[PDB]
Amino acid sequence: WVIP
Amino acid sequence: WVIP
Amino acid sequence: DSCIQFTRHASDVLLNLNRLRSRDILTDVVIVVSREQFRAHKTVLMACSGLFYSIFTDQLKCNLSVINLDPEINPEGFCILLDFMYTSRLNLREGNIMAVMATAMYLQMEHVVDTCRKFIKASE
Amino acid sequence: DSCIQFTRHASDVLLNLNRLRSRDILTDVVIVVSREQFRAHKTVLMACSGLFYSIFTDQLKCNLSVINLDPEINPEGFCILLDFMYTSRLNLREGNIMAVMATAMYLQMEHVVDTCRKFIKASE
Ligand SMILES: O=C1Cc2cc(Nc3ncnc(Cl)c3Cl)ccc2N1
Ligand SMILES: O=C1Cc2cc(Nc3ncnc(Cl)c3Cl)ccc2N1
Ligand SMILES: [Cl-]
Ligand SMILES: [Cl-]
């Protein structure tokens with residue numbers, strides 16, 4: 001999971 | 001395009 | 001093999017599938033979550049959810065145009081997860097995390113369940 | 001927004017769509033390329049090809065279960081492109097590049113047309  |  | 005790979009292909013496909021969903025093109029099922037209805041493509045739901053994969057591989061349920069979810073399922077939690085299925089983006093907030101995790105557990109979306117567990121653990 | 005994004009989601013969706021294609025699950029069209037037939041999902045074909053996008057948004061053609069391609073289309077070139085649609089991997093070889101590029105031009109798959117043009121230019 002990432003900060004887009 | 002890349003070499004996978 | 002000796003194939004070449006187009007890095008953005010999967011993302012571009014998913015973007016176009018979401019555009020078809022937004023314009024209600026070739027949607028073949030309506031998911032009923034209490035008073036709320038959500039139109040979608042059975043193939044995308046199966047590709048994202050262990051629950052929908054089981055439902056639409058069933059020889060009778062594969063042909064239904066309406067699927068009713070368990071009355072304990074929260075429509076907003078479902079909406080957030082349906083948006084995630086079609087975009088890879090999850091709108092996870094303090095106010096919805098419990099409903100999102102419960103819906104992800106029911107839908108069998110293990111990566112979502114995992115990030116919800118971690119976000120909850122950090123707040124404890 | 002304040003969404004989080006699952007990096008591998010689009011790739012995982014496409015992998016599952018290809019698994020459904022391989023097991024012939026919820027495929028809703030057969031593409032006829034001379035003596036050869038290819039089963040697929042209309043939504044995936046539309047998401048990958050300008051030609052299929054135009055065909056399946058047409059109010060009469062959207063309902064056809066069989067689509068016949070132009071007789072000049074090479075079945076192997078089509079097969080390679082159908083595999084690319086469902087995997088992001090293109091089996092481009094000296095022996096098939098001309099058929100693949102011609103099929104990609106007909107199907108309106110601009111990124112494939114682009115890499116074929118570049119690979120041909122390098123060999124000149
Ligand atoms: O957490 C998750 C996400 C998910 C998706 C699916 N889907 C598929 N799996 C295998 N082959 C096929 Cl053909 C599909 Cl469609 C099944 C289980 C789960 N669990
Ligand atoms: O080279 C290409 C690949 C491609 C795909 C599509 N597909 C879609 N485009 C916009 N909205 C939607 Cl809803 C879809 Cl399905 C149209 C044109 C082209 N050209
Ligand atoms: Cl997931
Ligand atoms: Cl392309």
# chains A, B, ... in the order shown; residues from 1 in each chain; ligands from 1
call {"tool": "residues_near_ligand", "arguments": {"ligand": "ligand 2", "cutoff": "10 Å", "atoms": "only C-alpha atoms and all ligand atoms", "output": "MDAnalysis selection string"}}
result
(chainID C and resid 9 12:25) or (chainID D and resid 42:54 56:57 85 104:105 107:114)
call {"tool": "interface_residues", "arguments": {"of": "chain C", "to": "chain B", "cutoff": "9 Å", "atoms": "only C-alpha atoms", "output": "VMD selection string"}}
result
chain C and resid 2 to 8
call {"tool": "write_last_selection", "arguments": {"atoms": "C-alpha atoms", "output": "JSON list (two decimals), in the first residue's frame"}}
result
[["chain", "number", "residue", "atom", "x", "y", "z"],
["C", 2, "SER", "CA", 10.94, -13.65, -24.93],
["C", 3, "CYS", "CA", 7.88, -11.31, -24.47],
["C", 4, "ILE", "CA", 8.12, -7.52, -23.92],
["C", 5, "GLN", "CA", 5.82, -6.05, -21.26],
["C", 6, "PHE", "CA", 3.83, -2.66, -21.34],
["C", 7, "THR", "CA", 4.14, -1.41, -17.72],
["C", 8, "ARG", "CA", 0.93, 0.73, -17.70]]
call {"tool": "select_by_dssp", "arguments": {"residues": "stretch 42-106 of chain D", "states": "alpha helix (DSSP H)", "output": "PyMOL selection string"}}
result
chain D and resi 42-48+50-56+75-87+97-106
call {"tool": "atom_distance", "arguments": {"atom1": "atom CA of residue D:41", "atom2": "atom CA of residue D:76"}}
result
18.9 Å
call {"tool": "select_by_dssp", "arguments": {"residues": "chain D", "states": "strand (DSSP E)", "output": "list in words"}}
result
residues 4, 5, 29, 30, 31, 32, 33, 36, 37, 38, 39, 40, 66, 67, 68, 89 and 90 of chain D
call {"tool": "closest_residue", "arguments": {"among": "C:60, C:92, C:66, C:55", "to": "chain D", "atoms": "only C-alpha atoms"}}
result
C:92
call {"tool": "closest_residue", "arguments": {"among": "C:81, C:98, C:64, C:10", "to": "ligand 1", "atoms": "only C-alpha atoms and all ligand atoms"}}
result
C:81
call {"tool": "decode", "arguments": {"residues": "chain A", "atoms": "N, CA and C atoms", "output": "short mmCIF file (atom, residue, chain, number, x, y, z; two decimals), in the first residue's frame"}}
result
data_model
loop_
_atom_site.label_atom_id
_atom_site.label_comp_id
_atom_site.auth_asym_id
_atom_site.auth_seq_id
_atom_site.Cartn_x
_atom_site.Cartn_y
_atom_site.Cartn_z
N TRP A 1 0.84 -1.19 0.00
CA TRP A 1 0.00 0.00 0.00
C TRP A 1 0.88 1.25 0.00
N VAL A 2 0.49 2.28 -0.77
CA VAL A 2 1.24 3.54 -0.90
C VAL A 2 0.30 4.75 -0.85
N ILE A 3 0.89 5.94 -0.72
CA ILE A 3 0.20 7.21 -0.84
C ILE A 3 0.34 7.51 -2.36
N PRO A 4 -0.76 7.46 -3.15
CA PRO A 4 -0.61 7.69 -4.60
C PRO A 4 -0.25 9.12 -4.97
#
